[PDB]
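K.L.:
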Amino acid sequence: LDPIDXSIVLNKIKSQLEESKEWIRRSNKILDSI
Amino acid sequence: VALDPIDXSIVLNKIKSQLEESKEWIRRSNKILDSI
Amino acid sequence: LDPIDXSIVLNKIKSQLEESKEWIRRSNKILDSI
Amino acid sequence: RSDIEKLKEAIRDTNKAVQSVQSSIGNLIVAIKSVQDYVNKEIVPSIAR
Amino acid sequence: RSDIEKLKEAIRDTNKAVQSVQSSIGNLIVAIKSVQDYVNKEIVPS
Amino acid sequence: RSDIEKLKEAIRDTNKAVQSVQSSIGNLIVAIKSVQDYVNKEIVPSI
Numbered sequence: 451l452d453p454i455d456x457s458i459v460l461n462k463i464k465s466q467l468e469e470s471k472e473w474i475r476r477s478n479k480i481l482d483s484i
Numbered sequence: 449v450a451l452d453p454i455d456x457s458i459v460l461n462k463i464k465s466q467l468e469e470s471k472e473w474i475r476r477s478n479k480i481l482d483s484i
Numbered sequence: 451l452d453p454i455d456x457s458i459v460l461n462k463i464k465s466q467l468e469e470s471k472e473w474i475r476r477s478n479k480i481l482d483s484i
Numbered sequence: 141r142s143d144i145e146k147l148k149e150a151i152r153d154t155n156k157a158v159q160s161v162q163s164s165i166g167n168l169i170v171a172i173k174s175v176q177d178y179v180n181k182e183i184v185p186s187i188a189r
Numbered sequence: 141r142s143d144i145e146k147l148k149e150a151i152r153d154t155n156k157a158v159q160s161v162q163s164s165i166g167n168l169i170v171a172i173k174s175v176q177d178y179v180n181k182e183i184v185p186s
Numbered sequence: 141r142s143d144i145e146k147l148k149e150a151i152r153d154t155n156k157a158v159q160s161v162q163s164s165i166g167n168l169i170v171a172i173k174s175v176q177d178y179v180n181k182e183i184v185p186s187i
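Protein chains in written order, with PDB author numbering: chain B, 451 to 484; chain F, 449 to 484; chain D, 451 to 484; chain C, 141 to 189; chain E, 141 to 186; chain A, 141 to 187.
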């Protein structure tokens with residue numbers, strides 16, 4: 451049988467997860483100023 | 449051997465629904481931030 | 451065939467999730483003071 | 141109507157959105173557990189017989 | 141540089157963090173569904 | 141104890157909850173990857 455594959459999907463979650471972390475980095479950056 | 453198919457459609461259904469409810473909660477948060 | 455195991459990763463997800471639920475509980479309790 | 145009130149209510153909505161995400165992750169754990177059990181209870185003995 | 145304006149920008153950033161998390165969840169559903177489709181059509185009749 | 145100070149700390153806590161969710165998602169990827177690896181290395185050769 452053909453091996454199962456969603457490497458494209460899982461890679462998209464990794465990429466999206468990095469964008470989420472950057473948004474939190476922006477938020478904590480502003481709170482440090484308050 | 450004759451094998452029963454794998455089933456969690458109801459399990460996955462809640463996630464899809466719990467996801468949509470989370471989308472609407474962010475929408476309301478951003479909506480309050482307009483009036484500020 | 452050996453049975454499939456990620457019992458360790460599944461437990462880390464559980465602990466991180468309950469850690470998340472506690473940070474929200476503190477956030478909502480801080481907003482209760484206002 | 142106050143700005144502090146508006147800020148407070150926005151975080152409430154944001155927190156609810158996070159809580160809804162926390163439930164979805166909880167069911168994702170269950171979804172993966174269903175797969176693990178199906179492999180070890182339906183597939184493994186099938187190939188062993 | 142207003143205190144209130146700084147608080148709004150942090151919530152807006154936090155919301156975008158949540159939105160990308162929501163996109164990730166949606167893709168985890170697709171991933172798990174791909175596993176169910178793979179055993180129901182490739183493993184079970186094999 | 142000012143209202144602004146409370147709002148800040150509440151957002152600090154919300155961000156930490158989101159960071160914790162972010163970790164759990166990274167591990168869900170690992171979990172799914174381990175299921176993929178078991179299928180292609182234990183199920184496929186046997187079947």
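Quick reminder that beta carbons are idealized off the backbone N, C-alpha and C, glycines included.
1. Strictly under 8 Å for the Cβ-Cβ distance: is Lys464 of chain F near chain E by that measure?
2. Whole angstroms is fine: what's the gap from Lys462 of chain D's alpha carbon to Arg141 of chain C's?
3. Taking C-beta pairs closer than 7 Å, name the residues in chain D that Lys156 of chain A reaches, listed in chain order.
4. I'd like to know if the stretch 174-182 of chain C and the stretch 471-481 of chain F are in contact, where contact means that at least 3 CB-CB pairs between them fall below 8 Å.
5. Would you mind telling me which residues of chain D sit closer than 8 Å to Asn180 of chain C, beta carbon to beta carbon, in chain order?
6. Hey, would you say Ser164 of chain A sits closer than 8 Å to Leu451 of chain D, going by beta carbons?
7. So with Cβ pairs under 8 Å, would you call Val175 of chain E a contact of chain A?
8. Between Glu149 of chain E and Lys156 of chain C, what straight-line distance do the alpha-carbon atoms span, to the nearest angstrom?
9. Might you give, ordered along the chain, the residues of its own chain that have their beta carbon closer than 7 Å to the beta carbon of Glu182 of chain E, omitting 5 neighbours on each side?
P.N.:
Judging by the given coordinates:
1. yes
2. Computed Cα separation, rounded: 42 Å.
3. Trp473
4. no
5. Those within 8 Å of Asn180 of chain C in chain D are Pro453 and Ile454.
6. Not closer than 8 Å, so no.
7. Any Cβ of chain A closer than 8 Å to the Cβ of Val175 of chain E would place that residue at the interface, and such an atom is present.
8. 19 Å
9. The answer is none, since no qualifying residue turns up.
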